[PDB]
Amino acid sequence: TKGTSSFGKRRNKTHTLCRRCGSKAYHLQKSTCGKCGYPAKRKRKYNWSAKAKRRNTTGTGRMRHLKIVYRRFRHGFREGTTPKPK
Amino acid sequence: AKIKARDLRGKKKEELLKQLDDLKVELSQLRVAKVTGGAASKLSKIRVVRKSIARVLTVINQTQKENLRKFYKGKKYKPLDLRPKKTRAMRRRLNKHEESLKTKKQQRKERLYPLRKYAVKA
Amino acid sequence: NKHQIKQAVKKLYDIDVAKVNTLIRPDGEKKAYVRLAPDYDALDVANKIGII
Amino acid sequence: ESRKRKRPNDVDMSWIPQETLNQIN
Amino acid sequence: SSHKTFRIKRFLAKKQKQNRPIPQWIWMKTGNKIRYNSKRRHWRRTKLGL
Amino acid sequence: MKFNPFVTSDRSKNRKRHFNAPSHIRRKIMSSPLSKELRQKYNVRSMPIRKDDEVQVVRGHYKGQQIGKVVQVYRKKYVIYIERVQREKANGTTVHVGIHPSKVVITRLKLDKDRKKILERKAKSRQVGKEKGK
RNA sequence: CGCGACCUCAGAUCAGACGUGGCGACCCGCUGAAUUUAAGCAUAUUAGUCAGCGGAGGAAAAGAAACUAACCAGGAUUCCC
RNA sequence: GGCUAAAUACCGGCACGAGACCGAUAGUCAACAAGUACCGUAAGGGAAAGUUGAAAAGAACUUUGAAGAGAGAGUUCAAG
RNA sequence: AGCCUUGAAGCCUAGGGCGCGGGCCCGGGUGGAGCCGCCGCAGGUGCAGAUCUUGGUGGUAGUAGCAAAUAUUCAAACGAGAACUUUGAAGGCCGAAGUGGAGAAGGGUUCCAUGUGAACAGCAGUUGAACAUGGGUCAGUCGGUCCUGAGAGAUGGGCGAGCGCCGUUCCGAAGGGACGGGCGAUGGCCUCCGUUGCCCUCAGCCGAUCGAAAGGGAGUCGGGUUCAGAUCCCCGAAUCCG
RNA sequence: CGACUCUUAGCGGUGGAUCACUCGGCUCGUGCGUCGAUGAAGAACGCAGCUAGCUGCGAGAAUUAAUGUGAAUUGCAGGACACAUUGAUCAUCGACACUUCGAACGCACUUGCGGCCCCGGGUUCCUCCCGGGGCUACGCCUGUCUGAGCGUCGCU
Ligand SMILES: [Mg+2]
Ligand SMILES: [Mg+2]
Ligand SMILES: [Mg+2]
Ligand SMILES: [Mg+2]
Ligand SMILES: [Mg+2]
Ligand SMILES: [Mg+2]
Ligand SMILES: [Mg+2]
Ligand SMILES: [Mg+2]
Ligand SMILES: [Mg+2]
Ligand SMILES: [Mg+2]
Ligand SMILES: [Mg+2]
Ligand SMILES: [Mg+2]
Ligand SMILES: [Mg+2]
Ligand SMILES: [Mg+2]
Ligand SMILES: [Mg+2]
Ligand SMILES: [Mg+2]
Ligand SMILES: [Mg+2]
Ligand SMILES: [Mg+2]
Ligand SMILES: [Mg+2]
Ligand SMILES: [Mg+2]
Ligand SMILES: [Mg+2]
Ligand SMILES: [Mg+2]
Ligand SMILES: [Mg+2]
Ligand SMILES: [Mg+2]
Ligand SMILES: [Mg+2]
Ligand SMILES: [Mg+2]
Ligand SMILES: [Mg+2]
Ligand SMILES: [Mg+2]
Ligand SMILES: [Mg+2]
Ligand SMILES: [Mg+2]
Ligand SMILES: [Mg+2]
Ligand SMILES: [Mg+2]
Ligand SMILES: [Mg+2]
Ligand SMILES: [Mg+2]
Ligand SMILES: [Mg+2]
Ligand SMILES: [Mg+2]
Ligand SMILES: [Mg+2]
Ligand SMILES: [Mg+2]
Ligand SMILES: [Mg+2]
Ligand SMILES: [Mg+2]
Ligand SMILES: [Mg+2]
Ligand SMILES: [Mg+2]
Ligand SMILES: [Zn+2]
């Protein structure tokens, strides 16, 4: 009865959504993420999975602030000035 | 009667707050119109009124920051948001004065033994 | 919250509110069932707002 | 007239937020 | 279930709104290629997993 | 021959920068030669086509001496619509046919402050070049 | 008993600062296999390599001899032949 | 005990140039709403999928049928 | 000074031929924009196989089959269309450990109204949990929320190359509190009472925090109401806590 | 005869090979070589008149301001007393802004509980209630203040 019959007894969730990486790998009883390692301060990451590192590296997301830096670097991070008014 | 930022530059704060409130009242009416069957003209006005709201808030925020910078110009300590952003690493650099500093031992060496200009005959 | 909704309704439309009931809809929006004081006619107030 | 028109230093203390004013006084 | 967390009831609401057909004026757009919403979901055929 | 190290003659790159050009670049791409009379009068060869210009079609099914007004510059499709350069659909409704600006000739120019400024600049740079050789 | 110095050590949402996390192609410090070759296999090899941990910068590290030599002597470090 | 540029390294990043390379089962997994859809409790695994036409001119109208579908007609150099 | 919109590549051909052969040439058709000869150079360069890879198609074959749980029949309506939908009437079954009425976990809109009958529902469908367009979940009193349970888990400390780990009162100056009293500073229904700062005095809890929608845990019941919600809305009558 | 079967050819299907195309790859080279508590990378949820995905953005939400440009954007509609010094659109980008989580910071991670200060509305000073704003994390350096010690002392 280890097959079809035993598949009907599973109605208790092991993982839920992680508040750091948003992946359903937050083990509830261990209070840890199998994906990002939350609540550890440092992000979980290994070199034996290159594919996994390119799934969530820098660039794969929004780059909300890093992509304005790339624009600001091309002008020397000038601040407190404006183009000559009309 | 469109709202242009240039027209708003010199006005008082409370005068712009009043102007802001009129637009916000207008937008709410349009949002009621959006669900009661307002004409296409009223629907198109929503985006016009929304950006007019942004323009006023922009001029209020800009004018307020301009005066805060004038307020804190001579002050030694300024709010973190009035200090230069640059990058985090650039904020931690030795400033202009600190990089120019030299030990008196190095100043005397440069005075006595300055690199010279010379040529060698072919 | 209910206190905020009640105070906003009164200021926006200058009416009095008896109580507020609230639910969050399955699509994520929050619906507020605002009941007005007996000296107010929601049918009349709706015409002022433009609902009817 | 319409056809004519359509063809062409210091701190302002009132813009300072109240909280800053309270702190200094 | 009836017993729900706010976070789950909000995730489910977003999955509800994405489950609609494309507007028909999207077809006439100049460089359009989309023929239909290829990301449709059915509560019975495929499960949200959370 | 091209010598600038920072200009690409790569075919894939050039085409991409044509079909992804932003609107204010498509304007320059969408330029038309001026009629012989206009070229002599202003010393200019080409202008970016504009609404309310009057043009002659010189290539394609609609070529001919008829002069029509430019009624729409559909920069997204890289075509302009002209008066009377049109056909009928199945149901009989008339529809404009898109002509590329490089296949027409500008016979009259819609002139305003900016258009006169643009014409002057082109005539001035030409004169500097003509005297540079001389 | 009290008062006062110093020393050692505490508490502050005290004034003003600074570290944390990421990326990690290249760089520095550790730790570190076994497939494999040896026609077997244990030293050996694989290899100070993969994996694992830490720390950076536009480069890093190194660097002005407790050096090489044994010549009629050379003269910091790094890289190429 | 200590500092020190240069010549050196760079399959990540920003911005470029090129090629005796491949040409949609190739070339990156990904020429396209691709690290997407989908699978797994999870760590992870992970595709398929390019081409009307010069121009939508994308077939009005008549007729049989409940309709899908047809027969005529029409657009186009061509709907062979 | 090659061929090509007066038609390239490709593809088809009971057309004419060439070569021992690998192959090639010409005719005809389709196609619609590129291509080939010669001298050299270069190679991801030649398929019948690998239970080869990926994609497609056969015969088997209109075949196996659409047989677990007793069962349907008559009349009418809508409709192009009815064994299967709806209504009425018969004949049956589940037979209160139910094929009844409600929940937990899980699902996540499947719920409700209207429309469609393309695809799906292994016959059909006028029907559906399918598709389409719009709606629907209302609380002091019902749960969470709080408590602690087995347990998990910081700090001090120890260990550790290090990410860190051990450990939960054990190597800790672990209390930011209180009736009262005393000094000032302020206030207000300035009268006299508050508030505040400091001082005096007093002080075990001895373990941060997390841990149950079945354990502990104050307090809501009756009637009506919707297409879909109600101990939540309305009517009536109460109650707990602050 | 005629079915059925086999072969060949025409035509029609099924299928998507081949050829031609290429806004994609790959490889080499060059210049630069820049994240974050002033809150990064990443994630969540929102934002369009009609908008599901992609894209862009953050309650000022397919963007504000400024500068350059100079008449569009466009699938449909619309035109704000929108559009030519009353500047469409695009581009640039220095001004302003930038929801929730996240090193993630009041404590916890259910949108649960607080504490301090200030402001406003309830009534009516204080209280009380509601709302708004600002603070409240660990380590660490310099300095400040408040302390402790049968630590070493000095005068009482
Ligand atoms: Mg478990
Ligand atoms: Mg000295
Ligand atoms: Mg299922
Ligand atoms: Mg401080
Ligand atoms: Mg061996
Ligand atoms: Mg062997
Ligand atoms: Mg062996
Ligand atoms: Mg070794
Ligand atoms: Mg390694
Ligand atoms: Mg590391
Ligand atoms: Mg670091
Ligand atoms: Mg750096
Ligand atoms: Mg040397
Ligand atoms: Mg050194
Ligand atoms: Mg393909
Ligand atoms: Mg491929
Ligand atoms: Mg293929
Ligand atoms: Mg091929
Ligand atoms: Mg493929
Ligand atoms: Mg093909
Ligand atoms: Mg074509
Ligand atoms: Mg043809
Ligand atoms: Mg044959
Ligand atoms: Mg073609
Ligand atoms: Mg090759
Ligand atoms: Mg084969
Ligand atoms: Mg049979
Ligand atoms: Mg059966
Ligand atoms: Mg039941
Ligand atoms: Mg039921
Ligand atoms: Mg069927
Ligand atoms: Mg139903
Ligand atoms: Mg522990
Ligand atoms: Mg608890
Ligand atoms: Mg409980
Ligand atoms: Mg209970
Ligand atoms: Mg009640
Ligand atoms: Mg045949
Ligand atoms: Mg939307
Ligand atoms: Mg602007
Ligand atoms: Mg402009
Ligand atoms: Mg709980
Ligand atoms: Zn995580």
Side-chain angles (χ1 to χ4, degrees), chain A residues 11-15 19-22 25 31 34-35 41-43 47-49 52 54-58 61 65-66 69-71 73 75 78-86, chain B residues 1-2 4-5 34 40-41 43-49 51 53-55 57-58 61-62 65 80-81 83 85 87-88, chain C residues 3-4 7 21-23 26 33, chain D residues 8 19 22, chain E residues 1 3 5-7 10 12 14 16 18 20-23 25-30 33-34 37-39 43-44 46-48, chain F residues 5-6 8 10 12 15-16 19-20 22-24 50-51 73 75-76 87 89-92 95 97-98 112-114:
Chain A
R11 51 176 183 87
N12 294 306
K13 291 182 182 294
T14 287
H15 303 104
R19 59 212 311 270
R20 184 149 85 176
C21 64
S31 287
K35 175 72 96 202
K41 307 197 200 306
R42 290 164 185 229
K43 168 186 160 190
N47 302 313
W48 44 257
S49 193
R54 73 144 165 278
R55 276 190 194 105
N56 196 249
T57 176
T58 295
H65 165 85
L66 260 180
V69 176
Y70 299 152
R71 185 183 69 201
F73 165 87
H75 299 281
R78 67 190 168 192
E79 286 166 23
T81 50
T82 56
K84 181 204 261 272
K86 290 197 300 232
Chain B
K2 183 170 173 184
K4 309 160 199 267
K34 185 173 194 276
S41 66
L43 298 172
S44 301
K45 202 143 144 60
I46 283 169
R47 189 181 310 192
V48 176
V49 178
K51 303 310 180 184
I53 279 159
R55 271 186 271 284
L57 289 162
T58 313
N61 292 344
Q62 280 190 351
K65 202 117 158 171
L80 302 174
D81 59 296
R83 294 171 199 204
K85 181 72 174 204
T87 79
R88 184 189 171 112
Chain C
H3 303 309
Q4 288 180 310
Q7 292 309 101
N21 276 218
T22 50
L23 60 95
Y33 291 104
Chain D
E19 310 50 56
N22 309 1
Chain E
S1 53
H3 293 151
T5 46
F6 179 83
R7 286 197 192 92
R10 191 175 64 183
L12 292 181
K14 168 163 179 170
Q16 215 153 316
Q18 302 174 320
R20 63 155 287 179
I22 62 174
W25 45 272
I26 295 290
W27 260 65
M28 313 298 313
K29 284 197 155 197
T30 289
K33 296 93 78 182
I34 296 166
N37 186 3
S38 92
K39 302 186 163 168
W43 52 279
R44 228 176 179 177
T46 171
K47 291 296 185 192
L48 290 172
Chain F
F6 301 92
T8 191
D10 178 275
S12 291
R15 273 162 59 69
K16 191 187 190 175
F19 292 114
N20 291 279
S23 188
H24 86 297
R50 189 213 195 282
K51 197 173 174 188
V73 178
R75 293 196 207 155
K76 190 187 202 72
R87 63 175 296 138
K89 289 167 68 67
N91 60 23
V95 71
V97 182
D112 41 298
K113 196 175 286 171
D114 278 40

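First the proteins, then the strands, lettered A, B, ... as listed; each starts at 1. Just so it is clear, the values below take in all heavy atoms, side chains as well, and ignore hydrogens, waters and symmetry mates.
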Looking at F/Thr8, does any N or O in its side chain come under 4.0 Å of the phosphate oxygens OP1/OP2 on H/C16? no
Centroid distance below 5.5 Å plus an interplanar angle below 30 degrees: do F/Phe6 and H/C16 meet both conditions? no
What nucleotide among H/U36, J/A91, J/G36 has an atom nearest to a side-chain atom of E/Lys39? H/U36
Quick one: which protein N/O atoms are closer than 3.5 Å to N/O atoms of nucleotides 19-23 of chain J? Pair and distance per line, please.
unit_1 : atom_1 : unit_2  : atom_2 : d
J/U22  : OP1    : F/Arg11 : NE     : 3.1
J/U22  : OP1    : F/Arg11 : NH2    : 2.6
J/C23  : OP1    : F/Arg15 : NE     : 3.4
J/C23  : OP1    : F/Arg15 : NH2    : 2.6
J/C23  : OP2    : F/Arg15 : NE     : 2.9
J/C23  : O2     : F/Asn20 : ND2    : 2.8

Please enumerate all residues that pass side-chain hydrogen bond (donor to acceptor under 3.5 Å, both in side chains) together with B/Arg55, with sequence neighbours excluded. none
Expected string for nucleotides 80-88 of chain J under the B/S/- scheme (protein heavy atoms, under 4.0 Å, primed atoms plus P, OP1, OP2 as sugar-phosphate) is BBSSBBBB-
Contacted region of RNA chain I by chain C, from 5' end to 3' end of the hits, cut-off under 4.0 Å to heavy atoms, spans I/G136 to I/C235
Per-nt protein contacts along nucleotides 93-108 of chain J (heavy atom under 4.0 Å; B base, S backbone sugar-phosphate only, - none) come out as BBBSS-BBBSSS----
For A/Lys43, the side-chain hydrogen bond (donor to acceptor under 3.5 Å, both in side chains) test, sequence neighbours excluded, returns none
Hits for salt bridge (charged side-chain N to carboxylate O under 4.0 Å, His left out) against F/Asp10, two or more places apart or cross-chain, chain-then-number order -> none
Would you please confirm or rule out a distance under 4.0 Å between OP1 or OP2 of G/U20 and any side-chain N or O of B/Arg88? yes
Students often get this wrong, so: under 4.0 angstrom with heavy atoms, is E/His3 touching a base, only sugar-phosphate, or nothing? base
If the condition is salt bridge (charged side-chain N to carboxylate O under 4.0 Å, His left out), which residues does D/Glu19 pass it with, not counting sequence neighbours? none
Could you go through nucleotides 54-56 of chain H and list every protein N or O atom that sits under 3.5 Å from one of its N or O atoms, giving the distance for each pair?
unit_1 : atom_1 : unit_2  : atom_2 : d
H/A56  : OP1    : F/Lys77 : NZ     : 3.4

Given Watson-Crick and G-U pairs under 3.5 Å, RNA chain G in dot-bracket ([ ] crossing, | other strand) is .|||||||||||.|||.||.|....(((((......(......).......)))).).........((....)).......
Please name all residues satisfying salt bridge (charged side-chain N to carboxylate O under 4.0 Å, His left out) with F/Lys16, sequence neighbours left out, ordered by chain then number. none
Between J/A61 atom P and B/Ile53 atom CD1, what is the distance in whole Å? 8 Å
C/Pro26: side-chain contact (heavy atoms from CB on, under 4.5 Å) partners, not counting sequence neighbours: E/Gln16
